[PDB]
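Structure, as structure tokens:
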Amino acid sequence: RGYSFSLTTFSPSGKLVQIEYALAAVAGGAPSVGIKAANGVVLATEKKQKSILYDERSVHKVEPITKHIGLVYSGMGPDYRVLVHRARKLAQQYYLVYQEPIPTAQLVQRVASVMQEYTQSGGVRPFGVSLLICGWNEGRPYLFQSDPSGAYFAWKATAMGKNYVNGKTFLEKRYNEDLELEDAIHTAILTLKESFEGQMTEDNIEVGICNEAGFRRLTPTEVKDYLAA
Amino acid sequence: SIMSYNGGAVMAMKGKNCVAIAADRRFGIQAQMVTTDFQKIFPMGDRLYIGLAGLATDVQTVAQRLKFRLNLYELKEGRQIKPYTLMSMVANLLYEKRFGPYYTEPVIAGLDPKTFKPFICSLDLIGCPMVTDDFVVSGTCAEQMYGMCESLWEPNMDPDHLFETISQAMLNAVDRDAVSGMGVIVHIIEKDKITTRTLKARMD
Amino acid sequence: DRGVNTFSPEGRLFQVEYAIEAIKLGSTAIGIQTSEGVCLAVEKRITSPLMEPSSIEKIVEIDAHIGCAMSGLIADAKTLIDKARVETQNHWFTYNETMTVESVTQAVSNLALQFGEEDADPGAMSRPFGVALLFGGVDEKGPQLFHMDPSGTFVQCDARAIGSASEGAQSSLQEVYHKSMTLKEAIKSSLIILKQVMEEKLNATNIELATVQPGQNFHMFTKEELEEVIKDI
Amino acid sequence: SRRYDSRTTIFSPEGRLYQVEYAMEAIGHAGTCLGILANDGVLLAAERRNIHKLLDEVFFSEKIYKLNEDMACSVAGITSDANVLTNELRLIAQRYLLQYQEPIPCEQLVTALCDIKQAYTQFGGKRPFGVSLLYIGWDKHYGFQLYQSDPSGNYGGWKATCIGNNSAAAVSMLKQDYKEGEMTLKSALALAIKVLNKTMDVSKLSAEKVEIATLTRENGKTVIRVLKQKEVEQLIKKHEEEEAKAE
Amino acid sequence: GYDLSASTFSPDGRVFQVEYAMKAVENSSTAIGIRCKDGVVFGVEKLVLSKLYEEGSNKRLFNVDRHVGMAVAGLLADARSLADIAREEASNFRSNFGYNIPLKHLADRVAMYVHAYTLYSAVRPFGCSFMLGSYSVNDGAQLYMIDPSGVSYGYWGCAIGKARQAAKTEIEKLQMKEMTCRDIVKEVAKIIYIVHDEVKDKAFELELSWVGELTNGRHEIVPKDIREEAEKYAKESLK
Amino acid sequence: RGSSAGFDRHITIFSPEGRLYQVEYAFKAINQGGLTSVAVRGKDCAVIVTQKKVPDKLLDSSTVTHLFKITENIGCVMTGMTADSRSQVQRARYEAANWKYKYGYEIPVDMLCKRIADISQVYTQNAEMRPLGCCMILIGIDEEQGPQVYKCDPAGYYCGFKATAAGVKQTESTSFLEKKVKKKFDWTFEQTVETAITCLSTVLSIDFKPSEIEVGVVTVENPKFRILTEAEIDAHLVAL
Amino acid sequence: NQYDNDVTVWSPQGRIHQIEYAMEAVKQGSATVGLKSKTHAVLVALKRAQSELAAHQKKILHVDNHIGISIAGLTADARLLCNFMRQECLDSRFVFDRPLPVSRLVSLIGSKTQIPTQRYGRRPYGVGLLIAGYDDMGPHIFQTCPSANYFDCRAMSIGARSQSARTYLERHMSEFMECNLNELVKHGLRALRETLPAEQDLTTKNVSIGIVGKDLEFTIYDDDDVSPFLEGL
Amino acid sequence: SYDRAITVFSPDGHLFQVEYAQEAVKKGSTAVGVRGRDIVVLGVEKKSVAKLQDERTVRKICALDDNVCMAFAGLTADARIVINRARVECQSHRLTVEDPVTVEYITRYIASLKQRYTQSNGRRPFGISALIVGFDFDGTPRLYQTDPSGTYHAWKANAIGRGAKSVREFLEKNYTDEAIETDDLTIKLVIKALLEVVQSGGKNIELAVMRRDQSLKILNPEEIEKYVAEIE
């Protein structure tokens, strides 16, 4: 019939430990890197399948929400998708009211408000998913991180996943505020190289960019061109 | 015809880098006036006004339901609304009660808050948006000021020509309508200022 | 650790078994059914001298012909004695007759064991009632007196004491009661037994007495009326 | 299921609500947020937590969240639960305006959120909102006001108060350098920076670690204005220099 | 504490509340059913506890539709509950599709009702296995059996109860695929008496019900003229 | 290694290392059936092959099956708890028919594994319900993408495959059959059935009879899902 | 230890302790005896002495004009179950204008009693009922249990020390189907007397008798009406 | 809907959540009400003044209607729900009866609401007691006290909160007809009872007096020091 009590409660130290444990699910996930350049945002993640038998052109970790908003995760695969199909639905519920493409900050405020609700509603665990969300609205690029608590943060560049603390130190060295988009894709790929454990190819990662032409994830023919440099 | 109960006439006209909106001042019952100061034009922005005619309980309700939703919008979105987006906000509000509609046909008139691009619109009672570049009318004397603004409107008017056009098209229409009149208020919305002139009309 | 609807290994349904132990902390109430009327006498158990004793309403009107006497958790009784009053008025509305004393007891005791925590209502009782009720009145069958334990077990009694000193006042009721005594002799017998069992000195402030006769209605004694009875004891 | 339930809304055997008292310690390790009432305004002085080098500057503030034309709040605790509360105060503030065509009085807005907060401490079996949050505002009936609202659901009007980390040390400094009926706005900005030095463990302030908003009246209209980086850097340097002229 | 709910797997991936509920079937007396060339014959070893019960109390053979019968074993109050569920599904099928429900579909609709109580902490699994059996001209003889987990398999012979393994060896040496229904009843009664323990559980009343071609596909109790001519046959080979 | 604190053992909440300790037990529930299913797609075909252990002589072996027909064009093989198996098949058959009723075309294998996995995610996030101890492997022919073999699991993860195994010998038959995804294409024609059978024959060391397995195919020439008869399987089993 | 608090929890022995504890509630109530001839069906019950002053209980209830029940266990669960049975017998006479058959009433009880034995947070009905009836098929002595199956009995007794009655009833059940009305009731009185302490006997104050028959509607017999039946025992 | 029994019985017949809600009352600030001849005086004991309160909005003597005002002790947030739901009922009673409430009517409404959360699913009891004072239409002054159990009694004088076991021992030895004679002497009976409980002493209390029509007014801080100097 459904449990009506919160599974996330405060610990005596003042902590919501089910959220703090859902962060541990995120920090064990595959590394995801977002970089906001001056004319675009690049979202790159490690799409490293377990075996050769897995179809790489089947499921996607960089998913578009609108024509101008895409997002990527570190954490749990299936919790991402319930959260990425509601994000696509919240984006069209805005568009039916306002007939304007949703601002990127407003989508992140609606997605994180959902993620807050499964930290307080009855009989549910939080999501084990953080989200790097990108978008282009009003001539400005946007990059947000949505933590499993439901808190959102606008980032110039950040990283999640395994070795995120080592990776986010690598962003603080090689991030110029006045980069272009084509120079930010290389620095996003290099962060996925700082912890990869192998030889990364066009199928072992997944890159998504968002410029004023909208959001799109890069084709594996286009990923190979950036790996040559 | 229930929208002729209180009467009323609102008209919005586009100029060059400026818009004008105008309404009558009469509040009434089927043929009886009560006040001559009834507000039908409401400030939905810095330089963006909505004008509502029709049944006067819905002129007051929809302007308050829209001020409800716009203040939620301007706090959450952190910016002022664009005049195209207010149009879709009103069109959602009027269609959400489609069966049993709000008996108002609002016009909006404003400037784009980051382009100063002029915008006028008109909606039906169940929210069908009409964007025009010439003029929009709404009210009891619609046909009086359709043909009145088909002659007087010229493209690319100065703010002083725009005031003398929308005010000669309101006065000649509501003096030919029985349940519209008792004054005309005109807002000229320009980039630097909002000028508001009530003007001498026939009080019959 | 266990739910409210849980049987003991002895089959006792724990929460009712503990709601019976709640009555043994409430003040002592005595009822005696005679052929000439019933009497209801309860200890008020004055806690502080500043407490106004006219607010300790441990005896209430149900209808003009039925009065109830309570012990235990007095706040829990007020939902039972209001459902008692509405049921007598719904019976009068439909049938234009006074409701009998047994069927008012039968309707109130259907609310006992109507608790639970699994969609029993949108607003349902979490727990049983911590009260015993002594209904007493005169119906078409004559004077009657009923007991209303929290298990919903209702029983007609000739004389019944409930409360903290029931086991010891029920031993005194079985000795002095007989099936032909008078209501004056039952009012007097309900105060010798209250004298044995009350802690404070028994006066006309810390007791509460009410009778139901076949002729007259329910009435509760005044301060001047109780003074005559206590001098006779 | 009774096994999996934690009983968030029951009493302790000492008469306490554990999840409320445990939500109070989530706030004592949040960002330090204080508010000072003056004779011509109220301010908020939140110590900024998200002070990383690679953070952007999207929306107007970090922990202010203007509620109304005439009143703003400031939150400390769970960041996510504060966003749910601040959408709710904006709904209450606009349902009053829809119903009365007057702006919500500031005590009536704090009271209505504190009823929603109390309701999660008494029924429903949910955890409370671990957000204590300040309030500044103007209304017709009492003018400039300042409120604080704990997760218990009880509130209070203050002349100077502080929530967040090192709030107890911040209150005692506000007990002595605050003067009732004698604080101007410019005197209260300097008191805000004075408290935000002995209650932040860092060596000094840099205005990337604080956020200040003031609320004043200007020609019959309440203005709520987050101070920019240069406006606070002048206030830090006016206190980093004047402390040298007192020793 | 991995066994207090049906919404909990064990660390080796088992739902013990389902597996405890099939211990309840294993504490019930053996009910067998044999699918033959002409139909399906059920048989229940019905343990009569007291002499004070009337002959026919606690009936274990149910009619869930006019062509489908149901032999149960386990917690009997749960069995009468699922017999009502199987009657509602057979009723709703005819009210929505206009013909008698196939035994394949009826067994799958009921097994997914049983499965629905193996998933949640709000309910417990059913404490009963039960066989279903029907006959049609088109579909032929069919015998399905549903476990408390909710799994339904088709059988030529099933033997739910205490002496489950001991009765399956007697059904396996029978060659039911060529035998007719009046020959199976003489054999079902043999298998019931040979698996009954005349020491542990004392008194028992044999219940037999077929459904087959000789009844034009109606499910009914075997008549006493044929029932007593099989109980006499069963004791004669029990020696 | 794996810490635990609270009711991580019983309901789907997070371990202190964020593991969903309860969801990992539904994968152990797939091995409880003792069976192994092998799926492989070719260039014009996709094949499912699973063990058929009729352990009783009295079972009607026509009803002991793990292959299921979801639509006319989508086939299924199930591995795990057999009752949880049949529930997910009826939910897949129901979700595939709402697609045709709402959208007017036959559902892809793409979006049927996605919807069934979105149902399985709800079991891993609500405490009131356990996950289903079973995994579904769907096959079919898309219009543009061709043969598809998609597998969803109790976690809610539904990725696509060139070749899948599931159940007890899953690791022994993934490590085997990934060596045949070497030089070209695992013989990508109609005798990927022989790739599927010899994969299941090696990890079981069985060298099957004609009626010890059951095979389900789709093709481009026949997009309908067919279950092979034992005479058709023995035509392949005698070829190896 | 941990398998007895909930009704949705099987023990590792295939056994539900919460159901078996509710059957303990009916084995510690009061002995009631039911039996039938080829013409009548008789319910005899001990109105138990709660005290020396209580009109003891009422333990035989009218359900229809052809069905009455007798109560062992929780009395408030009984009349909660009897008001369902009274409604289900009015439901048939409103719809079919005929007496509802006795075997179909008890099948509606056992499907209504099974529902709380399987859902969380609900308890089994802690009450046993002996049900006498006269359908078109004859007399009927259905017994129902908290474990919601039911039993068509030739004779049955439930309650405290009721095995002594079942010892008596199983000896003399060979002659029940050829009795008169007064002969059949006296077998139920001798069965009910077997459940008594040695210091106790069957007075007219503690015995109720419920009889239903062919040309006889269901009647309960009070204190003065059981005197023609106790005149031989 | 969260339907779980929170207040359940225990062995020896106790409701723990009701007993533990009464321990929340004993941790609250002390409230005293006495009842004079034509005057009822409520006084609460402000524990801390701190020189930074806007004291207008932490007042513990509310006003239910024009004739009924109450003072509480316990969980302050639970009281504000009880104060507001009593104010709605005082207005519904003017709607249907065309008369102001009696003091025992709104006491029955508050007590039956407080009983209701001791017996409903998914609710804890209110952690407040309420000293309710008022006047009838006849003009008789009334003083009532509700508990978290839902029990209510009338009182000549009562004390709730911390130290109330000592304030009630004080009032049971000092409440007479002579100290309840003058209206000003009745006000000093609360202030003398509070100063036995205020462990810091001084003018750190709040006190509201309600006489008849020309009704309730809460006394100012310098208007309270005039009485404390008259008892020094």
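For the structure tokens, the naming scheme is as follows: chains receive sequential letters (A, B, ...) according to their order of presentation, residues are indexed from 1 within each chain, and ligands are indexed from 1 in presentation order.
Residues in contact range of stretch 97-103 of chain F, defined as at most 12 Å between only C-alpha atoms, with sequence neighbours fewer than 2 positions away removed, read residues 70, 71, 72, 74, 90, 91, 92, 93, 94, 95, 105, 106, 107, 108, 109, 111, 112 and 115 of chain F.
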Residues as selected, N, CA, C and O atoms, written as a CSV table (one decimal), in the first residue's frame, can you do that?
```
chain,number,residue,atom,x,y,z
F,70,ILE,N,6.0,-11.8,-26.7
F,70,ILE,CA,5.4,-10.6,-26.2
F,70,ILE,C,4.5,-9.9,-27.2
F,70,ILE,O,3.4,-9.5,-26.8
F,71,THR,N,5.0,-9.6,-28.4
F,71,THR,CA,4.1,-9.3,-29.5
F,71,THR,C,4.3,-10.4,-30.6
F,71,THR,O,5.0,-11.4,-30.3
F,72,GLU,N,3.7,-10.1,-31.7
F,72,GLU,CA,4.0,-11.0,-32.9
F,72,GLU,C,5.5,-10.9,-33.3
F,72,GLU,O,6.0,-11.9,-33.8
F,74,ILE,N,8.2,-9.5,-31.1
F,74,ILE,CA,9.1,-9.5,-30.0
F,74,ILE,C,9.1,-10.8,-29.2
F,74,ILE,O,8.0,-11.2,-28.8
F,90,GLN,N,3.7,-10.7,-18.5
F,90,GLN,CA,2.4,-10.1,-18.6
F,90,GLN,C,2.5,-8.6,-18.6
F,90,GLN,O,1.6,-7.9,-19.2
F,91,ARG,N,3.4,-8.0,-17.9
F,91,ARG,CA,3.6,-6.6,-17.9
F,91,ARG,C,4.2,-6.1,-19.2
F,91,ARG,O,3.9,-5.0,-19.7
F,92,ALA,N,5.1,-6.9,-19.7
F,92,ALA,CA,5.7,-6.6,-21.0
F,92,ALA,C,4.7,-6.7,-22.1
F,92,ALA,O,4.6,-5.9,-23.0
F,93,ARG,N,3.8,-7.8,-22.1
F,93,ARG,CA,2.8,-7.9,-23.0
F,93,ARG,C,1.7,-6.8,-22.9
F,93,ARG,O,1.1,-6.5,-23.9
F,94,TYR,N,1.5,-6.3,-21.7
F,94,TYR,CA,0.6,-5.2,-21.6
F,94,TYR,C,1.2,-3.9,-22.0
F,94,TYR,O,0.5,-3.1,-22.7
F,95,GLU,N,2.4,-3.6,-21.7
F,95,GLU,CA,3.0,-2.4,-22.1
F,95,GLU,C,3.3,-2.3,-23.6
F,95,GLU,O,3.4,-1.2,-24.1
F,105,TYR,N,2.0,2.1,-33.9
F,105,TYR,CA,3.0,1.2,-34.5
F,105,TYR,C,3.5,0.2,-33.5
F,105,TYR,O,3.2,0.4,-32.3
F,106,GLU,N,4.1,-0.8,-34.0
F,106,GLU,CA,4.6,-1.8,-33.1
F,106,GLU,C,5.8,-1.3,-32.3
F,106,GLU,O,6.6,-0.5,-32.8
F,107,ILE,N,5.8,-1.7,-31.0
F,107,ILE,CA,6.8,-1.1,-30.1
F,107,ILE,C,8.2,-1.7,-30.4
F,107,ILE,O,8.3,-2.8,-30.9
F,108,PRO,N,9.3,-0.9,-30.4
F,108,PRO,CA,10.6,-1.4,-30.5
F,108,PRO,C,11.0,-2.2,-29.3
F,108,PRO,O,10.4,-2.2,-28.3
F,109,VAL,N,12.1,-3.0,-29.5
F,109,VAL,CA,12.7,-3.7,-28.4
F,109,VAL,C,13.5,-2.7,-27.6
F,109,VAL,O,13.7,-2.9,-26.4
F,111,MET,N,12.3,0.3,-26.6
F,111,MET,CA,11.5,1.0,-25.7
F,111,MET,C,10.6,0.0,-24.8
F,111,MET,O,9.9,0.5,-23.9
F,112,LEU,N,10.6,-1.2,-25.2
F,112,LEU,CA,10.0,-2.2,-24.3
F,112,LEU,C,10.9,-2.6,-23.2
F,112,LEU,O,10.5,-2.8,-22.0
F,115,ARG,N,10.9,0.5,-20.8
F,115,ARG,CA,9.7,0.7,-19.9
F,115,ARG,C,9.7,-0.4,-18.8
F,115,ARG,O,9.4,-0.1,-17.7
```
Exercise for review: Going by DSSP on the backbone, which bits of stretch 111-229 of chain C are strand (DSSP E)? Write them as a PyMOL selection string, please.
Suggested key: chain C and resi 131-139+142-148+154-157+159-162+207-212+218-220
Go through chain D and flag each residue having an atom no more than 8 Å from chain H; for those, report the closest pair of atoms plus their distance in Å to one decimal, using only C-alpha atoms, ordered by chain and rising number, as CSV.
```
residue,atom,partner,partner_atom,distance
D:9,CA,H:124,CA,6.5
D:10,CA,H:124,CA,5.8
D:11,CA,H:20,CA,6.0
D:12,CA,H:20,CA,6.6
D:13,CA,H:20,CA,5.4
D:14,CA,H:23,CA,6.1
D:15,CA,H:24,CA,4.3
D:16,CA,H:24,CA,6.7
D:114,CA,H:77,CA,7.8
D:115,CA,H:81,CA,7.4
D:118,CA,H:77,CA,6.3
D:122,CA,H:124,CA,5.6
D:123,CA,H:123,CA,4.6
D:124,CA,H:2,CA,5.2
D:125,CA,H:2,CA,6.3
D:152,CA,H:77,CA,6.8
D:153,CA,H:77,CA,5.3
D:154,CA,H:77,CA,4.8
D:155,CA,H:58,CA,8.0
D:156,CA,H:58,CA,6.1
D:157,CA,H:54,CA,4.8
D:158,CA,H:53,CA,4.9
D:159,CA,H:52,CA,5.2
D:160,CA,H:52,CA,6.1
D:161,CA,H:52,CA,7.7
D:175,CA,H:51,CA,7.0
```
Dump as a Markdown table the rows for residues of chain A within 12 Å of chain C: closest atom pair and distance in Å with one decimal, only C-alpha atoms counted, ordered by chain and rising residue number.
```
| residue | atom | partner | partner_atom | distance |
| --- | --- | --- | --- | --- |
| A:1 | CA | C:118 | CA | 10.0 |
| A:2 | CA | C:118 | CA | 11.8 |
| A:3 | CA | C:118 | CA | 11.6 |
| A:4 | CA | C:118 | CA | 11.9 |
```
Could you please take those selected residues and save N, CA and C atoms as a PDB file, in the first residue's frame?
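Writing done, so here's selection00.pdb:
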```pdb
ATOM      1  N   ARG A   1       0.827  -1.197   0.000  1.00  0.00           N
ATOM      2  CA  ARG A   1       0.000   0.000   0.000  1.00  0.00           C
ATOM      3  C   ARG A   1       0.865   1.251   0.000  1.00  0.00           C
ATOM      4  N   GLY A   2       2.153   1.080   0.288  1.00  0.00           N
ATOM      5  CA  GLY A   2       3.093   2.183   0.265  1.00  0.00           C
ATOM      6  C   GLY A   2       3.388   2.732   1.641  1.00  0.00           C
ATOM      7  N   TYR A   3       4.665   2.836   1.993  1.00  0.00           N
ATOM      8  CA  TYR A   3       5.037   3.333   3.309  1.00  0.00           C
ATOM      9  C   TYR A   3       4.894   4.844   3.346  1.00  0.00           C
ATOM     10  N   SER A   4       4.390   5.359   4.457  1.00  0.00           N
ATOM     11  CA  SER A   4       4.095   6.777   4.571  1.00  0.00           C
ATOM     12  C   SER A   4       5.070   7.505   5.474  1.00  0.00           C
TER      13      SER A   4
END
```
Residues of chain F that have any atom at most 9 Å from an atom of chain D: could you tabulate them with the shortest-distance atom pair and the distance in Å to one decimal, using only C-alpha atoms, ordered by chain and increasing number, as JSON lines?
```
{"residue": "F:7", "atom": "CA", "partner": "D:4", "partner_atom": "CA", "distance": 7.1}
{"residue": "F:10", "atom": "CA", "partner": "D:4", "partner_atom": "CA", "distance": 8.9}
{"residue": "F:11", "atom": "CA", "partner": "D:4", "partner_atom": "CA", "distance": 8.1}
{"residue": "F:127", "atom": "CA", "partner": "D:4", "partner_atom": "CA", "distance": 8.9}
{"residue": "F:128", "atom": "CA", "partner": "D:1", "partner_atom": "CA", "distance": 8.3}
```
Selected residues, C-alpha atoms, written as a JSON list (two decimals), in the first residue's frame, please.
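Saved as part_29.json:
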```
[["chain", "number", "residue", "atom", "x", "y", "z"],
["F", 7, "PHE", "CA", 17.88, -1.60, 7.64],
["F", 10, "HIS", "CA", 16.02, -5.62, 4.38],
["F", 11, "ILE", "CA", 14.69, -2.64, 2.41],
["F", 127, "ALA", "CA", 10.81, 0.19, 0.35],
["F", 128, "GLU", "CA", 7.31, -1.35, 0.31]]
```
Give me, as CSV, the closest atom pair and its distance (Å, one decimal) for every residue of chain A within a cut-off of 9 Å of chain B, counting only C-alpha atoms, rows sorted by chain and rising number.
```
residue,atom,partner,partner_atom,distance
A:96,CA,B:92,CA,8.1
A:97,CA,B:92,CA,5.8
A:98,CA,B:88,CA,5.0
A:99,CA,B:88,CA,6.2
A:100,CA,B:85,CA,6.9
A:103,CA,B:77,CA,8.2
A:105,CA,B:77,CA,8.2
A:106,CA,B:77,CA,6.7
```
Those same residues - N, CA and C atoms - I'd like them written as a PDB file, in the first residue's frame.
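Written file, result-v4.pdb:
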```pdb
ATOM      1  N   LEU A  96       4.342  24.306 -22.389  1.00  0.00           N
ATOM      2  CA  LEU A  96       2.918  24.438 -22.654  1.00  0.00           C
ATOM      3  C   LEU A  96       2.337  25.678 -22.001  1.00  0.00           C
ATOM      4  N   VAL A  97       2.909  26.111 -20.886  1.00  0.00           N
ATOM      5  CA  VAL A  97       2.404  27.303 -20.221  1.00  0.00           C
ATOM      6  C   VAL A  97       2.930  28.555 -20.898  1.00  0.00           C
ATOM      7  N   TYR A  98       4.230  28.599 -21.167  1.00  0.00           N
ATOM      8  CA  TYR A  98       4.898  29.843 -21.499  1.00  0.00           C
ATOM      9  C   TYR A  98       5.276  29.976 -22.962  1.00  0.00           C
ATOM     10  N   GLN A  99       5.243  28.883 -23.736  1.00  0.00           N
ATOM     11  CA  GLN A  99       5.568  28.842 -25.172  1.00  0.00           C
ATOM     12  C   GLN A  99       6.964  29.365 -25.472  1.00  0.00           C
ATOM     13  N   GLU A 100       7.839  29.263 -24.491  1.00  0.00           N
ATOM     14  CA  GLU A 100       9.212  29.685 -24.497  1.00  0.00           C
ATOM     15  C   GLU A 100      10.013  28.473 -24.063  1.00  0.00           C
ATOM     16  N   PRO A 103      14.278  28.084 -19.293  1.00  0.00           N
ATOM     17  CA  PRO A 103      15.627  28.462 -18.885  1.00  0.00           C
ATOM     18  C   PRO A 103      16.319  27.307 -18.190  1.00  0.00           C
ATOM     19  N   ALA A 105      18.418  27.340 -15.680  1.00  0.00           N
ATOM     20  CA  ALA A 105      18.309  27.424 -14.230  1.00  0.00           C
ATOM     21  C   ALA A 105      16.949  26.961 -13.745  1.00  0.00           C
ATOM     22  N   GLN A 106      15.900  27.200 -14.527  1.00  0.00           N
ATOM     23  CA  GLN A 106      14.559  26.838 -14.089  1.00  0.00           C
ATOM     24  C   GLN A 106      14.315  25.347 -14.201  1.00  0.00           C
TER      25      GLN A 106
END
```
Practice item. Quote the spacing between atom CA of residue D:167 and atom CA of residue D:197 in Å to one decimal place. Key: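 Computing the Euclidean distance for atom CA of residue D:167 and atom CA of residue D:197 yields 12.5 Å.
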Check your understanding: Where in chain A does DSSP assign helix (DSSP H, G or I), given as a ChimeraX atom specification?
Key -> /A:17-26,77-98,104-117,164-173,181-193,220-227
Exercise for review: Find the residues near stretch 200-202 of chain H: any atom within 12 Å, counting only C-alpha atoms, skip ones fewer than 4 places away on the same chain, and give them as a list in words.
Suggested key: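 In the requested form, the answer reads residues 45, 46, 47, 48, 49, 191, 192, 193, 194, 195, 196, 206, 221, 222, 224, 225, 226, 227, 228, 229, 231 and 232 of chain H.
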Would you save the residues of that selection, restricted to N, CA and C atoms, as a compact mmCIF listing (two decimals), in the first residue's frame?
```txt
# COMPACT_ATOMS: atom_id res chain seq x y z
N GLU H 45 5.93 33.57 33.09
CA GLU H 45 7.27 33.88 33.59
C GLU H 45 8.23 33.83 32.42
N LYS H 46 8.57 35.00 31.88
CA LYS H 46 9.60 35.10 30.85
C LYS H 46 10.93 34.64 31.42
N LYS H 47 11.50 33.58 30.84
CA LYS H 47 12.75 33.05 31.37
C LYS H 47 13.92 33.97 31.04
N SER H 48 13.96 34.51 29.83
CA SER H 48 15.07 35.34 29.38
C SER H 48 14.53 36.50 28.56
N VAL H 49 15.03 37.70 28.84
CA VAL H 49 14.62 38.90 28.14
C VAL H 49 15.62 39.29 27.06
N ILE H 191 1.82 37.89 40.90
CA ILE H 191 3.20 38.37 40.88
C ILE H 191 3.97 37.82 42.07
N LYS H 192 3.31 37.66 43.22
CA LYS H 192 3.97 37.00 44.35
C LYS H 192 4.20 35.52 44.08
N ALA H 193 3.30 34.89 43.33
CA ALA H 193 3.47 33.48 43.01
C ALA H 193 4.54 33.27 41.94
N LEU H 194 4.65 34.20 40.99
CA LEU H 194 5.68 34.09 39.96
C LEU H 194 7.07 34.34 40.52
N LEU H 195 7.22 35.29 41.44
CA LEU H 195 8.55 35.61 41.97
C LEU H 195 9.12 34.52 42.85
N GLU H 196 8.31 33.56 43.28
CA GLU H 196 8.83 32.35 43.91
C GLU H 196 9.43 31.38 42.90
N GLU H 206 5.64 38.52 32.18
CA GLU H 206 4.58 39.12 31.39
C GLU H 206 3.26 38.76 32.03
N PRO H 221 5.48 47.03 30.91
CA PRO H 221 6.59 46.63 31.79
C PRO H 221 6.80 47.56 32.97
N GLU H 222 6.64 48.87 32.77
CA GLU H 222 6.70 49.81 33.89
C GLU H 222 5.43 49.80 34.72
N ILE H 224 4.07 46.99 35.46
CA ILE H 224 4.24 45.81 36.28
C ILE H 224 5.25 46.03 37.39
N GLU H 225 6.22 46.93 37.18
CA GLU H 225 7.18 47.25 38.23
C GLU H 225 6.55 48.06 39.36
N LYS H 226 5.42 48.72 39.09
CA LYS H 226 4.68 49.42 40.14
C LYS H 226 4.09 48.45 41.16
N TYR H 227 3.70 47.25 40.72
CA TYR H 227 3.23 46.24 41.66
C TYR H 227 4.39 45.54 42.36
N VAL H 228 5.50 45.31 41.65
CA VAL H 228 6.63 44.61 42.25
C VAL H 228 7.32 45.47 43.28
N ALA H 229 7.27 46.80 43.12
CA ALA H 229 7.76 47.71 44.15
C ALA H 229 6.80 47.81 45.32
N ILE H 231 5.28 45.28 46.52
CA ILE H 231 5.46 44.04 47.27
C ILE H 231 6.90 43.82 47.69
N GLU H 232 7.77 44.80 47.51
CA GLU H 232 9.16 44.70 47.95
C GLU H 232 9.26 44.85 49.46
```
Exercise for review: Show which residues sit within 6 Å of residue C:147, as number ranges by chain. Count only C-alpha atoms, and ignore same-chain residues fewer than 4 positions away.
Suggested key: C: 133-134, 154-155
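Of note, atom CA of residue G:41 and atom CA of residue G:146 are spaced 22.8 Å apart.
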Exercise for review: Name all residues at most 10 Å from residue E:1 (count only C-alpha atoms; drop same-chain ones fewer than 6 positions away) and give them as JSON, numbers by chain.
Suggested key: {"E": [8, 10], "F": [9, 10], "G": [2]}
